[PDB]
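Okay, so here's just one chain, in structure tokens, the form deposited in one PDB entry.
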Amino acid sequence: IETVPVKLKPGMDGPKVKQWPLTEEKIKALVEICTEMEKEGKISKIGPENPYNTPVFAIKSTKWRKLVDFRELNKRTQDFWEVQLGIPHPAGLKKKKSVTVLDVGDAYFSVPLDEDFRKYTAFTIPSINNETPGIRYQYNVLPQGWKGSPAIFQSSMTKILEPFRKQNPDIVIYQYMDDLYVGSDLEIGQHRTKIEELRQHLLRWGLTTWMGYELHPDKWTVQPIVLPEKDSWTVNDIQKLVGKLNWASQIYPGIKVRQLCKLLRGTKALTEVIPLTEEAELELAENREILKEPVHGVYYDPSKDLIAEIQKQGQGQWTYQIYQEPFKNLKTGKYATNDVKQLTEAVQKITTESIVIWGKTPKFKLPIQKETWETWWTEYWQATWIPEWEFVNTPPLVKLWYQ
């Protein structure tokens, strides 16, 4: 097994990303890991002649684990892992009854990496209080977290799975980075049995491998926009209901508002109860129906980037929306001990779903301070990938419009 030549395109260099400060326990965890990986040949120390850097973190059980943030390198390697050696996404996976996610990142440590590409995989284990220059390394094998790793490895992946696929042609396996997504319509005992059998396949070839045991894609649905079914209606309640519907008309074809406006006639007290007209009730129930169904006119565009918006609804409740063009929702949903811990679980849930549905992860609009998130996200992060994120102020109206 000799290396596959890898490229960057002509007009962009490697990643030069700052290493974020790490707690001592993570730094210690990281050096043990990195000592083993150097002994085992997977990485080599590097000198200052390598001007590239990619952040690394520690995550979890009680087993520590190394996570490398290749988001920049992935961004700059886009042509390679998407066009040259792309992995197509099966539209069937979302339809399956149960979908189990298996970690297959160990596979990539056996395949060597293009000698002329290894410099772009440089990372630093930093020092506490900058006592030392920090331990610099780079990969000799395919690194977990890079999108080129599975792109290269897929040929070897097909071989491993070929017998299982032949023997189970109504099960669909999908590589996304360090995970295989394995979906069947089988009953759960058989599904789990078939997973255990797939483990054994991978156990040969040397691979000892917000979410329950499995996902359940077919049971995913749009969280509809909640129109309250009130016994009595004040002017405020109508005003609330109108804004809801007004903004919903900008997403959904044929949301009507007319009737309810006429109820808000002149200049009333907000407190004031108001009798409900007939056509108002009509339009209201007609809108209700529209919001249950998916948005007519909106479709996934593979060229455009997915984007996820998340709102804190209080009481451990989080709403979210996926779309490509603003406020044209491909999917919306919900998630039920602390604010960052929840937000990170939410991001992971939403991302997993995005991968199952489109084979891409969304760029997140996170309702939080940049520094808070960056300090804490790794503490509860359990995923092998890291989605793109930016930091945003939640417009408090949109928080209300999604319950």
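Numbering starts at 1 and follows the sequence shown.
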Other entries omitting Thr209, at least a third: yes
Deposited residues omitted from coordinates between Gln259 and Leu260, as a class: none
Deposited-sequence gap flanked by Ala336 and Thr337: 4 to 9
Mean temperature factor over C-alpha atoms, higher-scoring stretch between 192-200 and 274-282: 274-282
114-122 or 287-295, whichever carries the higher mean Cα B-factor: 287-295
Selection from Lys312, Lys147, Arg71, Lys240 [criterion: highest C-alpha temperature factor in the record]: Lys240
Options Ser127, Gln321, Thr208, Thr100 - largest CA temperature factor per the record: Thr208
Lowest, middle or highest third - CA B-factor, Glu388: lowest
Ranked against its chain, the third holding the CA B-factor of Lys63: highest
Ranked C-alpha temperature factor of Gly316 among modelled chain residues, by third: lowest
Chain third (lowest, middle, highest) by recorded CA B-factor, residue given as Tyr252: highest
Where the record places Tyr176 (Cα B-factor, split into thirds across the chain): lowest
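Only in words, not in the display: the form deposited in another entry, which the text now covers.
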Location of the hinge, rigid-body rearrangement between the shown form and the other one, from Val295, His201, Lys240, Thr277: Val295
